[PDB]
Every structure is written in structure tokens, then in C-alpha cells.
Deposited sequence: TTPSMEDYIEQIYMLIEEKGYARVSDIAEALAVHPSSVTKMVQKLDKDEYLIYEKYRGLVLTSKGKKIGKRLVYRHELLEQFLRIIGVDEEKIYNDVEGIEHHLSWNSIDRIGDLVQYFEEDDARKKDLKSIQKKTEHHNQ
């Protein structure tokens, strides 16, 4: 859950300029008290300080996590997964992949983006 929270805190600060406990609580579908506990843990491990401000360490990771999520949505979208199924598929796999897999998926995405004909040929197989 540590990564889920930092992904969330990062996204809110980028969206609003700050990360309210109630906003984290709502985005994650948890009770505020749960948020508290985790925040004190992220503060202990130096991902943030107290409102909430990400340290450089928490920023790098937040940026990575938003990048992994977007890349995985894009990958499932390119290979033709139903848009409605993409978000839940990504959430489920995103934190369980090695960086090696992520980067190779990164290269595959680039593969298809670099020449629409490849997208067309894949669509043909389908």
C-alpha cells in the first residue's frame, strides 16, 4: 500500500497543489485514520514531511509510479484491451512487475507508436 499512497499523494499535489488527508482517504477508499497511520510511516521512511510535502525521495518515486501507471494503460490500450477493463487491469499488475518488464513494455509501446502499420498488422491478427 506504500506505493499506492505515494502515487496518490503525488497525483493530488500535481492536481491541486496539496494533499489533504480527506482527499487521500477518498481516492484510496479508506478511513482517514488509516491515512494518518500510513503518513506517519512515510514520514519515518523520509518520503514526506508535514501540510503534506514530498521529499525529493518521495517525489522521484511518485513520478516513477505515475509513469508506470500511464505506460501500462497505454500498453493495454495499444494491444486493444477494452478501455473499460484497462484501469482495473493496470492497478492489479502495476506494482508486481520488475523494472526490466516495465522497461521492455516501454520499448514495445514505442515499437507500435513508431509506425502505425505495426498497429494495423496487430489488428489484423485479431
Check: Numbering the deposited sequence from 1, which residue ranges have no coordinates here?
Finding: 1-3, 54-57, 134-141
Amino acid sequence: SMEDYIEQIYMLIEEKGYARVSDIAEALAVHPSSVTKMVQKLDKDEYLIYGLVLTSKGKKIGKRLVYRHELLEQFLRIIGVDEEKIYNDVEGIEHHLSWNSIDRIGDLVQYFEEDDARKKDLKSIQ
From here on, numbers count along this sequence of modelled residues.
Next item on the list: On mean C-alpha B-factor from the PDB entry, just flag whether 84-92 or 52-60 is the higher one.
Entry: 52-60
Item checked: Higher-scoring stretch by recorded Cα B factor average, 103-111 or 19-27 -> 19-27
Margin query: Per the entry's Cα B factor values, which of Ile78, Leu65, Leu71, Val39 stands out as the maximum?
Written below: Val39
